[PDB]
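Enquirer: Turn this into a model:
(chains A, B, C, D, E, F and G, ligands or ions: 7)
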Amino acid sequence: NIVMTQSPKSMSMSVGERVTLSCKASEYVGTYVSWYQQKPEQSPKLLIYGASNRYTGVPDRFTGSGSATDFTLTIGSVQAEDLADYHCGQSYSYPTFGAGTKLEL
Amino acid sequence: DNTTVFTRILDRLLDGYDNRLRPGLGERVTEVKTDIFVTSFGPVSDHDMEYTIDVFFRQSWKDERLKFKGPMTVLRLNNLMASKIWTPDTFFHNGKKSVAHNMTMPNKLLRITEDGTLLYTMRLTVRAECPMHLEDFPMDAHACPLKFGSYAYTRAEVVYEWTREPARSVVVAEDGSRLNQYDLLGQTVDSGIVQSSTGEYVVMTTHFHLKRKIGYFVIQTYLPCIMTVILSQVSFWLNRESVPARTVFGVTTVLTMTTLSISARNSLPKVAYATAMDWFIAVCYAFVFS
Amino acid sequence: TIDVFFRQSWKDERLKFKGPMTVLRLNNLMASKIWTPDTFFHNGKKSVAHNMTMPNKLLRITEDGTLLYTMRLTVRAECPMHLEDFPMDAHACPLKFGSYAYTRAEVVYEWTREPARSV
Amino acid sequence: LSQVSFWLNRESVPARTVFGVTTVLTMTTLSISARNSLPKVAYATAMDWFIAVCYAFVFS
Amino acid sequence: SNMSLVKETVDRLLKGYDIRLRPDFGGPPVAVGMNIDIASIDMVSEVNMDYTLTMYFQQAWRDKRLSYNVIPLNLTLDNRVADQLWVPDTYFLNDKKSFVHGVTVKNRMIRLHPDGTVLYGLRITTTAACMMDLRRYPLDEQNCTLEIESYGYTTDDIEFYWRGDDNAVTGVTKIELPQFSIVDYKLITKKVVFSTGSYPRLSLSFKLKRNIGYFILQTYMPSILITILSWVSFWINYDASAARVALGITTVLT
Amino acid sequence: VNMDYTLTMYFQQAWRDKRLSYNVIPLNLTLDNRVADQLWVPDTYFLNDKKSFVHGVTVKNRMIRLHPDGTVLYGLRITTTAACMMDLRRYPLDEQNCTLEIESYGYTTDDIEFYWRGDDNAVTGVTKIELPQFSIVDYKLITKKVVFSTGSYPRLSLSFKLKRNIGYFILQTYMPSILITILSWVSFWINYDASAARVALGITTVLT
Amino acid sequence: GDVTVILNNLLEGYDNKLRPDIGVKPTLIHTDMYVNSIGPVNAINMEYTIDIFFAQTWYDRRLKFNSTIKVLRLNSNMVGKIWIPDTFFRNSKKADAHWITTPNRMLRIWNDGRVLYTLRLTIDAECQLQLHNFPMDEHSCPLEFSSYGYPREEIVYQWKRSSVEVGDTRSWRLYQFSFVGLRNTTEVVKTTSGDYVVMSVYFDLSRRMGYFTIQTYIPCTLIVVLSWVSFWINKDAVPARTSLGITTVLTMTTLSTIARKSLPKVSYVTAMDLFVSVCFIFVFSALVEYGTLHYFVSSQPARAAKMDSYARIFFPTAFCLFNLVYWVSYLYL
Ligand SMILES: *[C@@H]1O[C@H](CO)[C@@H](O[C@@H]2O[C@H](CO)[C@@H](O[C@@H]3O[C@H](CO[C@H]4O[C@H](CO[C@H]5O[C@H](CO)[C@@H](O)[C@H](O)[C@@H]5O[C@H]5O[C@H](CO)[C@@H](O)[C@H](O)[C@@H]5O)[C@@H](O)[C@H](O[C@H]5O[C@H](CO)[C@@H](O)[C@H](O)[C@@H]5O)[C@@H]4O)[C@@H](O)[C@H](O[C@H]4O[C@H](CO)[C@@H](O)[C@H](O)[C@@H]4O[C@H]4O[C@H](CO)[C@@H](O)[C@H](O)[C@@H]4O[C@H]4O[C@H](CO)[C@@H](O)[C@H](O)[C@@H]4O)[C@@H]3O)[C@H](O)[C@H]2NC(C)=O)[C@H](O)[C@H]1NC(C)=O
Ligand SMILES: *[C@@H]1O[C@H](CO)[C@@H](O[C@@H]2O[C@H](CO)[C@@H](O[C@@H]3O[C@H](CO[C@H]4O[C@H](CO)[C@@H](O)[C@H](O)[C@@H]4O)[C@@H](O)[C@H](O[C@H]4O[C@H](CO)[C@@H](O)[C@H](O)[C@@H]4O)[C@@H]3O)[C@H](O)[C@H]2NC(C)=O)[C@H](O)[C@H]1NC(C)=O
Ligand SMILES: *[C@@H]1O[C@H](CO)[C@@H](O[C@@H]2O[C@H](CO)[C@@H](O[C@@H]3O[C@H](CO[C@H]4O[C@H](CO)[C@@H](O)[C@H](O)[C@@H]4O)[C@@H](O)[C@H](O[C@H]4O[C@H](CO)[C@@H](O)[C@H](O)[C@@H]4O)[C@@H]3O)[C@H](O)[C@H]2NC(C)=O)[C@H](O)[C@H]1NC(C)=O
Ligand SMILES: *[C@@H]1O[C@H](CO)[C@@H](O[C@@H]2O[C@H](CO)[C@@H](O[C@@H]3O[C@H](CO[C@H]4O[C@H](CO)[C@@H](O)[C@H](O)[C@@H]4O)[C@@H](O)[C@H](O[C@H]4O[C@H](CO)[C@@H](O)[C@H](O)[C@@H]4O)[C@@H]3O)[C@H](O)[C@H]2NC(C)=O)[C@H](O)[C@H]1NC(C)=O
Ligand SMILES: *[C@@H]1O[C@H](CO)[C@@H](O[C@@H]2O[C@H](CO)[C@@H](O)[C@H](O)[C@H]2NC(C)=O)[C@H](O)[C@H]1NC(C)=O
Ligand SMILES: *[C@@H]1O[C@H](CO)[C@@H](O[C@@H]2O[C@H](CO)[C@@H](O)[C@H](O)[C@H]2NC(C)=O)[C@H](O)[C@H]1NC(C)=O
Ligand SMILES: Cc1ccc(-n2c(-c3ccccc3)nc3ccccc3c2=O)cc1
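Expert: Numbers count the residues shown, from 1 in each chain, chains lettered A, B, ... in the order given. Ligands and ions are numbered 1, 2, ... in the order given. Pasting the structure now:
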């Protein structure tokens, strides 16, 4: 399939700082990667579609970038409600998801 | 009178129908699902930096004004029904000249499902512009694009989407290769947005990756150049007491090199830089002259 | 090859009018609804009438019923050359036009100005 | 160039032979090319006569 | 008067005719029979990998709507009525550029028969793509073909077949090509599957063999003759360096 | 050889028609292009074009967009083969200036007025044009009135200044002839006792 | 005024889908042709161009009126409203009417219902040129036309007494060929559609051998005499004579390539390439003769000495003899 290597496995940052999550695609996926926020005991929520397109209801601090194999999700000035898991997936081919990334303080 | 009831269905379907207005004109964005079947990948014109392509261009959208109920679930209609309804005004951005085939009739297709979904397929040939960088010619590779989208409808009105998984939405037929000088390694698709002077438009892109075959140029330029170099160097083994013979060798080899150098470029466009073939011919000319 | 504005002018009494304008600078599609001369080029091979971005035509009706009708053409015409003195040769390339379908008892052509100033 | 050959000494045979041969070949090429530019008229033009006379001089 | 009878018959046939529906719209497929009279095969080009043929392309089908029993004659109509009747959406898949001849009028025919049989002919010139294997050129054989298919109507809407099944195509033996000889030709009936359904297809294909004599004269002979003139150098004494080198170099140049 | 260039452009026209004014709908109506056959459009033409067309796949590549005040935005994707008379006295070290003349065929200057929307940014995409043999050095927009026997007409001129790249010609014709002249000079280093050799050099050089 | 009334009455209740006398008798059409010019005849595509005025006349009892006006002289406006025969040209690769400034068409309707319908046409007509005896080749190739959908029972064409008229022939575009006459013919052909009356006009064209003379014959014979020149050069000058012969050969092959490139790629032998091949054989003979002479110098001097003089006479005599045979056989054919 297409392997989405998402790094780091986990990371912690206080409230107010900028973070950059990164996702690596095995093959070419164009701009067909989406970012998902999954808070504990909840279903995933789409944040970024395309590669840089904020889904409706997504605050303006979340923002995605990248094309081809390299992608990133920068959360500028994280708040206290940004603690969750963050999954990257590709929809270029039959979907595959990254292993995930946990965000603590 | 099954034809009569179907005629009554069709007439009730177009009553009070304004084909000037897209479905969901002021209250929704029209979503056109798109699919391409490549029946042949025409030749690549290096001189013109273009390539020809034959396709079935398939477009599907939903028109709520075209719902119907009858003894069929789909209506396979003659292609003159498409002119009576709204259809997307898709065009190829880097298209140079394309043709919508109409022998013996307009090579078109219109299926209406009873829920109002439409399938609209065309057969058409596209001459598209493929910008090429020939620094590594004749050992170069290119990604020739095919970009399409809506004319006159911005992202807020019509958006385009691949009907199936993006990686499976452009399909090339097995026997459909009209490539003489190139090899079709594969295809890639993408979607994006272009800001024009009239607004923000969705653009769908396909890249066809072509690798040039070196064989023709080997036989026609590289082997002759190596042969002339060998012949020029064979003159060393002649006796020094034969000035006319070695003079003939030198002059005729130089003349052959000049003819070959004039011949080689004639196949490529008149670019302003030196290709790999140009460097090879230059070194061969240097050896003959030396 | 020759690119021309081809101007024709005739009187049609049926097109007299009386209004605020002395002349009606009319669109190129009004001409299709009225009689126009069927001029053609006797030695023309393959001519084109331009309709980019619209038909390159012109119709102007004066109140007295005089019509002006001009069109933009590219005319390709046969010029039979006698190449005995080539390349020191001079030629007279003709351009003959007249009415298909109307004999001299029905339609005649004249130059609009002095003949020496009409081309 | 053909007339230059008259100033070479009578001993340099291959030199004068090359002059004559190459000049005639050049004239034949020059004749074909000059006929290329024209419609395939069936008569002779002024250029044809000039070429024919120059060829006659080279042959002579 | 028989003119009035024909006029009323044609008016009745064309009244209430829905061009948007094929014959037997909801019922079984309509069967279209194909005839081809090949006028010529024009330019077999290796450079463009294609060829041009002109043919009288004829199609025949039953349309019960266009049936009449008041007059005993087959009605040939002005070919403008073809724009008012349903005709099949036949297209040639591999053709690169085509037209119907239009002098002095559009060269098409439309003939009605009392039982409803329509006869619809077209004089067509198609430039059809034909990929040629030139590995054995000029001692090569080429197999080109014209692919005939329905565009909109799948195989449960329409059926294609050759009328005669072997005499459906005529005029092949009369074709003379400057460089090729027609070895033979075949007629194939099949169905092809696409993502949008399965469609009827007819294939007409020709086997073309290239003539050798032209190539012999123009390119083979000179090669042997230059090789023999190069051999002539062996009968020249080794003392004559200029002569032998001129011979060899000039042969290489030729 | 043909003294002409081919350009493809998106040609936009804007005017106001009080007849097409509406106030019940608040937004701008993008209509199916086929309605342009039912509206007045200016009779614009290109005086120097030889052959041109509007692209027609999948449909005719034209745009019609109305505004509540009545403004009409009319757009076409055109390819024109404009005549480009070139002076080749300095070929291939030559700089060429050919243009596109835009004029109203039937409407004199008291019926219609042409202007460049922007008047300096009215033309876009020029800096992104890549010609293999030339480079667009400069372009200009002009507004004129031209006088014919039938009246005086608004005219807009778009001009391009093309500088020809020379590298191709260095590779193709300049270097070979220079090298052939160097070859010619070798004759003077060969003993003047040899007639066949020196004549071979000279004749071969001339013919090359 | 009342011509409008006549026209409106003629067209009212009129069906142009039905030929006159639909179910009574065949429609008889008399055809005339005025040939403006017969264009170039390119053997590469085996086609020729022709520009004509094509006149057709027939009777339509529906177009019958009674008035002081005897003839209605009309333009193309009314052509599409009446029945027109569907005449097409059978051997035309392509054809077109003329449309500048208006359709070059004419319609005249007489009192008794006679219709005359004329239009201007340029046609690229196919004809298969048997290029044996080229460039001394004469051809008579046709222009055929018939009805597309109407068999003999429905439409019959008929040549008038003075049906085909040509113009001056001085302003035509025939360079390789000269027009020498014509003839008209009628016949019936059988097709899958039915039996059709087919009309034919044959134009007789003879090639004029003035371009090919100076393009191929003079250069080839001059190259041959240049080859002869070798027989007078001193036998000791080996490089001179070798180069003379071999250069003659390469010039011969270039000339052969061009000459054959004149015409289409036909596998049979034309008269021109037989001449070129014989010239090549002559040049090859001169070169091999010098080679053998030089070889025999080392063995036998007298042999080579007399061989030179023998060749000096046997070559030109053979060439003159071949010229006589060739021209006698081909010119008197
Ligand atoms: C695949 O798709 C292709 C592309 O769509 C398609 O090709 C198109 O086919 C159609 C139909 O077959 C063509 O339309 C016909 O064209 C005929 C003319 O053909 C010549 O000219 C056209 C261009 O037409 C211009 O010129 C004529 C006359 O000069 C005008 O009448 C046209 O309106 C048009 O003029 C406009 O454009 C000009 C600029 O060019 C402007 O200057 C001008 O002001 C106008 O704006 C060419 O394209 C043709 O070339 C093509 O075809 C030839 C065929 O041999 C090829 O060789 C060539 O390579 C090209 O392929 C050709 O040169 C028209 O005559 C015709 O219209 C008449 O007939 C129809 C049907 O009968 C009528 O409905 C119509 O009303 C017209 O009849 C009226 O006029 C005639 C005139 O004689 C009268 O006799 C008649 O009684 C009737 O009169 C009535 O109306 C009059 C007003 O019009 C009025 O005065 C009377 O009083 C009365 O009321 C028809 O339009 C179209 O051109 C083709 N396009 C192309 C690009 O090829 C192809 O077929 C498709 N294939 C398949 C298999 O489906
Ligand atoms: C130019 O090039 C074209 C393209 O290659 C050639 O066209 C081919 O012509 C051959 C000969 O007619 C075709 O071969 C035929 O295929 C049919 C389909 O076979 C399938 O179906 C049958 C049952 O329907 C199965 O038996 C089979 O396993 C396949 O699944 C066969 O039905 C034909 O007959 C075969 O079966 C019968 C009965 O068993 C035997 O008696 C026959 O001997 C034969 O075995 C036949 O095999 C081929 O399909 C064509 N190709 C294409 C792409 O259509 C032209 O021939 C070539 N030259 C010319 C001059 O045209
Ligand atoms: C040079 O440039 C000019 C202008 O750019 C071109 O003129 C256009 O020509 C096209 C084709 O002839 C015209 O389109 C035609 O419109 C006709 C009328 O449409 C109106 O009126 C009818 C009522 O009769 C209404 O139904 C309709 O809603 C419009 O309000 C139609 O008669 C034509 O229909 C034909 O095609 C349709 C396609 O669906 C079929 O349904 C019909 O059966 C018929 O076959 C056609 O739609 C267009 O209007 C012209 N423009 C203008 C401004 O008049 C020239 O054609 C061009 N010259 C060349 C050679 O290209
Ligand atoms: C490519 O080729 C084209 C065509 O040759 C060139 O286009 C020309 O461009 C120049 C300048 O851009 C144009 O010259 C301009 O003419 C205007 C109108 O002239 C009127 O006034 C003068 C007197 O001032 C009269 O003699 C004349 O008859 C007219 O009545 C001037 O207004 C322009 O400005 C001039 O005056 C102002 C006054 O403030 C000065 O500041 C300016 O510096 C200047 O002196 C200017 O003179 C010329 O008309 C264009 N040609 C055509 C045919 O229109 C392109 O420039 C060329 N290059 C490129 C890159 O395309
Ligand atoms: C219709 O188009 C007009 C002009 O293109 C739009 O008016 C513009 O609105 C934007 C957004 O507020 C402003 O930046 C411009 O100043 C306006 N221009 C003009 C000329 O008024 C209008 O908003 C569009 N209609 C809709 C519904 O968006
Ligand atoms: C054209 O055809 C007409 C009729 O088919 C030929 O005219 C006939 O000529 C012969 C003399 O050979 C007369 O006896 C007949 O009376 C003529 N018939 C008519 C109806 O006039 C005419 O010869 C043909 N033109 C040719 C062959 O050039
Ligand atoms: C078909 C074909 C293609 C190329 C060649 N050719 C070969 C050459 C190179 C390799 C093997 C045999 C000949 N050397 C040359 C040397 C100098 C000038 C031209 C050639 C040449 O044109 C001959 C025939």
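
Enquirer: Helices of the stretch 101-250 of chain B, residue ranges please.
Expert: B:215-217, B:223-234, B:243-265 (DSSP state H, counting those that start in this stretch).

Enquirer: in the sheet, who's paired with residue A:71?
Expert: Assessed by DSSP bridges, residue A:71 has beta-bridge partners residue A:23, residue A:66.

Enquirer: per-domain residue ranges of chain B.
Expert: The record's domain parsing of chain B by CATH domains of a matching chain lists B:2-213, B:214-290.

Enquirer: Those domains: which one's closest to ligand 6?
Expert: domain B:2-213 (37.3 Å; C-beta to the nearest ligand atom). Where you see a C-beta, it was placed from the backbone N, CA and C, and this is true even at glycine.

Enquirer: For chain G, tell me whether stretch E:122-138 is touching it.
Expert: Yes - on the criterion C-beta under 8 Å from any C-beta of the partner chain, stretch E:122-138 is in touch with chain G at E:123, E:125.

Enquirer: Closest approach to chain F from the stretch 1-150 of chain E, which residue is it?
Expert: residue E:97 (14.7 Å; C-beta to the nearest C-beta).

Enquirer: so is that residue in a helix, a strand, or just coil?
Expert: At residue E:97, secondary structure determined by DSSP: H, G, I helix; E, B strand; the rest coil is strand.

Enquirer: Contacts only, for it.
Expert: Counting by C-beta atoms under 8 Å, 6 or more residues apart in numbering or on different chains, residue E:97 makes contact with B:99, E:126, E:127.

Enquirer: What residues are bridge-paired with it?
Expert: Counting by DSSP bridges, residue E:97 is bridged to residue E:127.

Enquirer: Quickly list what the residue lying closest to residue E:149 once chain neighbours are set aside is bridged to.
Expert: Excluding the flanking residues, the one nearest residue E:149 by C-beta to C-beta, 6 or more residues apart in numbering or on different chains is residue E:201, at 4.8 Å. Beta bridges link residue E:201 to residue E:149, residue E:190 when assigned by DSSP bridges.

Enquirer: how many other residues sit next to residue E:201?
Expert: Per other C-beta atoms under 10 Å in any protein chain shown, the neighbour tally for residue E:201 reads 17.

Enquirer: Can you tell me how far it is from chain B?
Expert: Residue E:201 sits at a distance of 13 Å from chain B (criterion: C-beta to the nearest C-beta, to the nearest Å).

Enquirer: cool, and residue E:2?
Expert: Remark: distance between residue E:2 and chain B (C-beta to the nearest C-beta) = 30 Å.

Enquirer: surely that residue meets residue E:71?
Expert: Yes - assessed by C-beta atoms under 8 Å, residue E:2 is found in contact with residue E:71 at 7.2 Å.

Enquirer: Can you show me the helices along chain E?
Expert: E:2-14, E:213-215, E:221-231, E:241-253 (DSSP state H).

Enquirer: Looking at chain E, which residue is nearest chain A?
Expert: Counting by C-beta to the nearest C-beta, chain E gets nearest chain A through residue E:195, at 18.0 Å.

Enquirer: can you check chain G too?
Expert: residue G:94 (46.7 Å).

Enquirer: Let me know how buried that residue is, in neighbour terms.
Expert: 18.

Enquirer: sorry, back to before: give me the element the nearest residue to the residue of chain E closest to chain A once chain neighbours are set aside is part of.
Expert: Among residues not flanking residue E:195 along the chain, residue B:37 sits closest, at 6.7 Å (C-beta to C-beta, 6+ apart). Taking DSSP states H and E as the criterion, residue B:37 maps to strand B:30-40.

Enquirer: If you count contacts, what does that strand end up packed against?
Expert: Here strand B:30-40 touches strand B:50-62, strand B:158-162, strand B:170-172, going by 3 or more C-beta pairs under 8 Å, 6 or more residues apart in numbering or on different chains; DSSP states H and E.
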